[PDB]
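So that the names make sense, note that chain A is the first sequence line, chain B the second, and so on, each numbered from 1. All values below were derived from every heavy atom in this structure, side-chain atoms included, with hydrogens, water molecules and symmetry-related copies excluded. One-based numbering, in listed order, for ligands and for the atoms of each.
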Amino acid sequence: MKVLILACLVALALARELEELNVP
Amino acid sequence: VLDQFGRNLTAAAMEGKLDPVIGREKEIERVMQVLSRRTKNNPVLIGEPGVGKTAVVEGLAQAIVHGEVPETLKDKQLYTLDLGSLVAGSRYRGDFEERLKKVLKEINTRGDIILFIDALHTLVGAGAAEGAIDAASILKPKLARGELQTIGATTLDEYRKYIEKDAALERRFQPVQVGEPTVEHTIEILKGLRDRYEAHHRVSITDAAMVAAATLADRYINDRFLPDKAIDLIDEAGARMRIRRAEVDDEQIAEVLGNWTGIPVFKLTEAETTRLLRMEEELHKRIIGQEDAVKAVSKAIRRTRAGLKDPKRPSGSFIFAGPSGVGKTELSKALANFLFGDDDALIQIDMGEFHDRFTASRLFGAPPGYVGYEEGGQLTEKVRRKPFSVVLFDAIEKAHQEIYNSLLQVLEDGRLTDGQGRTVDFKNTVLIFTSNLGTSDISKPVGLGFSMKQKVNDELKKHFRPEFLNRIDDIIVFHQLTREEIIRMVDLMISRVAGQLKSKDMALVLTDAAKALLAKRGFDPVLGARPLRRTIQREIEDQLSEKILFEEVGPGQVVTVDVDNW
Amino acid sequence: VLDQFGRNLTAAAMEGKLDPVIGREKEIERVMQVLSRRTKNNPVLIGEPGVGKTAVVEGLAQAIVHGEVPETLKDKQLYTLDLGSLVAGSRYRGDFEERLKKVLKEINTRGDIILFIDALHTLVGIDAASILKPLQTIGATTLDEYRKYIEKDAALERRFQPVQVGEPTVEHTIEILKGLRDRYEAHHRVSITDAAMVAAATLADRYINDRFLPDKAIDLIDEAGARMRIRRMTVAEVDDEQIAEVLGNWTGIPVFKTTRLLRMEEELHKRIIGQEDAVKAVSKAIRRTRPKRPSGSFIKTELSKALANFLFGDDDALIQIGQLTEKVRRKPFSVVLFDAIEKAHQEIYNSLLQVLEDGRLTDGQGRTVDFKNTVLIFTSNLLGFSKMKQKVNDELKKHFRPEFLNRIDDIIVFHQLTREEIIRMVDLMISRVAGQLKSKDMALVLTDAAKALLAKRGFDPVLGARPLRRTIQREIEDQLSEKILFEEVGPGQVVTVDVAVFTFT
Ligand SMILES: Nc1ncnc2c1ncn2[C@@H]1O[C@H](COP(=O)(O)OP(=O)(O)O)[C@@H](O)[C@H]1O
Ligand SMILES: Nc1ncnc2c1ncn2[C@@H]1O[C@H](COP(=O)(O)OP(=O)(O)O)[C@@H](O)[C@H]1O
Ligand SMILES: Nc1ncnc2c1ncn2[C@@H]1O[C@H](COP(=O)(O)OP(=O)(O)O)[C@@H](O)[C@H]1O
């Protein structure tokens, strides 16, 4: 009779640090 | 705060840009009561979308510039803060935190800034998540010390999902309830906003229009809220006046509201008294035959709407007994299209699938932890979405006893307790129950003896409990249809397809000999006048497809069909 | 300054530089109603990609220069704003922020500027959002992006009024093509017939289903006019023959581009064998259409398949059942088959019930799926002393209510299995394996005795004729797989299954 509602964990991460290209 | 993510509402009130805020003065005083606190001087305007939460803050920012603030809020430059624009542009680490610390540094230097964060539920997980550097955890130290004054604005659902759920954020913020205005409060708002919308549209707006805007938006619009919905009627009617041109009236509001819902302006601009005066003749338009039934329910609704009505009863409770499909749910659809102007107000529950009390937990919602929690308990999205509705309970004699023990509430009170804990109001809903408890004569002109209306009346008493039947307003019994009554239904339904024939310049040349045979074939005294439309499409429309099978299009072919006699 | 960023649509409307927007007078009127308001005076043209929502603002700018514009909108210079150009320049970073602010400072320096933003979601996900506070702005997003970005901000919904720009009908996009006729006639120096435009509107809706009405039809007219300019280099009258040649290269289907096609009855039975009277019964029912309700409604699996092939081209145009949303949005010209409706309870009577009354399902997904050219098919059925013939139709009348069985097109019955019908199914299933033997240069002939044995075994009418696929491979193919490996039968051999036990050479 019962239903278990589980819990779909989503993949959530902080924004990526980037590495820069230099122009002198 | 810079003028980059927000807007100075205090400087907007200096230049007379903020709309006048009529009423809501108990709330502006309550916001000042929170903002004058030493620690955690952070009100949350909790309301609904469009109830005037920003207007309380616009009214506060006016109260700052008029000197009506208690020498703690004097000369406070109140800024908004679009956190949506503050998150926008964060694709790299530290973008959001940098734009928020610049705002937070600017408030630290000036020291006279009151944040207004519309949508304060966005604050939770604005950067990443709860345990992460988000906008919540950045502001939580200074919000807990009264060093950052922030007016929030969530809804009641979003305050409970995001601020009460977040531990160590429910304390930082003080709930200030901004309720939806009443209709008489909204008219006072519109009369205060009268000079703004008269000067913008260059169109005079009358007192008749503003009463009509607040009254009819509360009735006909039920996904939005009073202050806004009614201002939007005043705003759109003044705008559509500019595309017609000098005066917005009662009828102009009903036009721009009729374009939203789909109600004809007439059904909006009417008068319950007249509105239900020619009720009988408009309910004959889709019910021909069984005329004493129409005049009974037209009399009953005119009693239980017009004049006196207790607010602790529905608009009418009806038992439709008799032969099936002779106009039972056809009248209820015809009553629903009369109800406020929309045919899409009829709801069939179809109680024939229910022969269980455990399935009553699959009709009024499940207890949580069980199946039937999302679908089942769907009466929230139906009847408190539409307080003006018609609910049809087809085949109530099939159901279990425990099912309509829960339906004893709604005939007494007009309220219902959902399995998710809602007040599902059946207050203006014409509830209609239905039982073909009559099938004896129906089953051939013979009976249980050795050899009509009162046969099915005492079958209700035999089957049901008298506790359920006597709260119901009127019991309506249908009779067997006479052959002259059936051929008028044939006339009504052969004309429905005939409009789709002259769209292609075809013409079913009508004859009455074929109409008598449709009445013989499309009627039986157990089920009749419901399979009449399938008799039309199987016997007429099958042979009218034989025209293009032998390729008859032309400029138009005057087809006349008559099948053999039976 | 706007003099070097974004196109002045009002100035382009004065010179006749904008393509003429024929039709759309109701949606342009709606946009003038929003711009005339005090609050929420910023339209967001919700449409689909290529629906004509930029043409509403192009048609708005043409309405400004004609004087058919309200007194609050007289001589408003309507600018689209080119994103990706206010970049064009690095001094260094923050450039696109600092340059966009200089544009907005010229907008409130003047007073007659209305910005059009063709992708309003791209400025949500200076951001302008702030300057919006008090510069009227017309947006244009899809309905998915309206519910993702614009409606999900209360600081962007107290000012952004949604305006619907719907997909035109097949009728309405013809006058779009007839209004745009002189642009595409003069661009290719080839005249385009009116028939071609009736074809390019009808055939683009029928066969292009990821693109939307206005564009799709214009893409056929533009490319057929371009095709005519090419082959006169390898007066020339783009016709309806030309549109089917171009759409035959878009879709890659053979040119059969319908009432004549609908003349099936014999134009079929490639996979349907037996069941002959139900095939003749669904002829006159499908051709009742030739509304918003599907092309056919019926209460066998193969029947559907061959109905998907003959009506809708593909064998895989049969959808066997969101769960039917965004997979009929993809192909709205599919036969939707409902497998074993007896084994499902009443929660399924909302995506087959309100679609015979509307044909549209608004939902939480974000699009209204179109059921007006589908063939809905339900698959329901597969005491004492005594001394189906024609009736199965009363079973489903007693099962669920006939309050929409007169809204079902036709409830057809299926007739009984014939002993000759199953023999005609045995030599049909031997074709699946005879081709695998002709790849070995083998030939698989059978006898009437052997074909009657396989008809006699595994045919059970409770299970239809499913048991027959097992009976072929358990008896023929398991004993034919061994004799290849035993090398009794090699290449260049005729295999004659006769005789009971199956034996051969
Ligand atoms: N008391 C009031 N007096 C005048 N206008 C009001 C009042 N309450 C609300 N309004 C108006 O109604 C609308 C409500 O929107 P808003 O103030 O943003 O509230 P919310 O944040 O609850 O949506 C605005 O146009 C606002 O000016
Ligand atoms: N009502 C119309 N009248 C004339 N041309 C139209 C109309 N609707 C669309 N078009 C044309 O079809 C194409 C659609 O482009 P556009 O309107 O920018 O699409 P979208 O609104 O999806 O961005 C253009 O060539 C446009 O000129
Ligand atoms: N005319 C036919 N009617 C039914 N089944 C057929 C027919 N012709 C071939 N078959 C085969 O019989 C089987 C039918 O089973 P199934 O696919 O469930 O459909 P259904 O039983 O509804 O016809 C399939 O293997 C199908 O290929």
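Remark: minimum distance from atom 6 (C) of ligand 2 to any protein heavy atom is reached at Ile176(C) CG2, 3.6 Å. Atom 23 (O) of ligand 3 has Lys300(C) N, 2.7 Å as its closest protein atom, hydrogens excluded (heavy atom only). The single protein non-hydrogen atom nearest to atom 17 (O) of ligand 3 is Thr301(C) OG1, 2.7 Å, given as residue, atom name and distance. Scanning the protein for heavy atoms near atom 26 (C) of ligand 1, the closest one is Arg158(C) NH2, 3.4 Å. If you check which protein heavy atom lies closest to atom 8 (N) of ligand 3, you get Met425(C) CE, 3.6 Å. Ranking protein heavy atoms by distance to atom 12 (O) of ligand 3, first place goes to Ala465(C) CB, 3.9 Å.
Only the side chain of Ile231(B) comes within contact range of ligand 1, with a heavy atom under 4.0 Å; no backbone atom does.
With no hydrogens or angles considered, no side-chain donor-acceptor pair links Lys300(C) and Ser304(C) at under 3.5 Å.
Heavy-atom separations between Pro20(B) and ligand 1 include at least one value shorter than 4.0 Å. For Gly50(B), the closest heavy-atom approach to ligand 1 falls below 4.0 Å. Note on ligand 1: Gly47(B) sits outside its first shell, no heavy atom being nearer than 4.0 Å.
Near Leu382(C), the atoms of ligand 3 lying under 4.0 angstrom from a non-hydrogen atom of the residue are 21 (O), 22 (O).
Among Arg466(C), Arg424(C), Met429(C), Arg469(C), the residue whose heavy atom lies closest to atom 11 (C) of ligand 3 is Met429(C).
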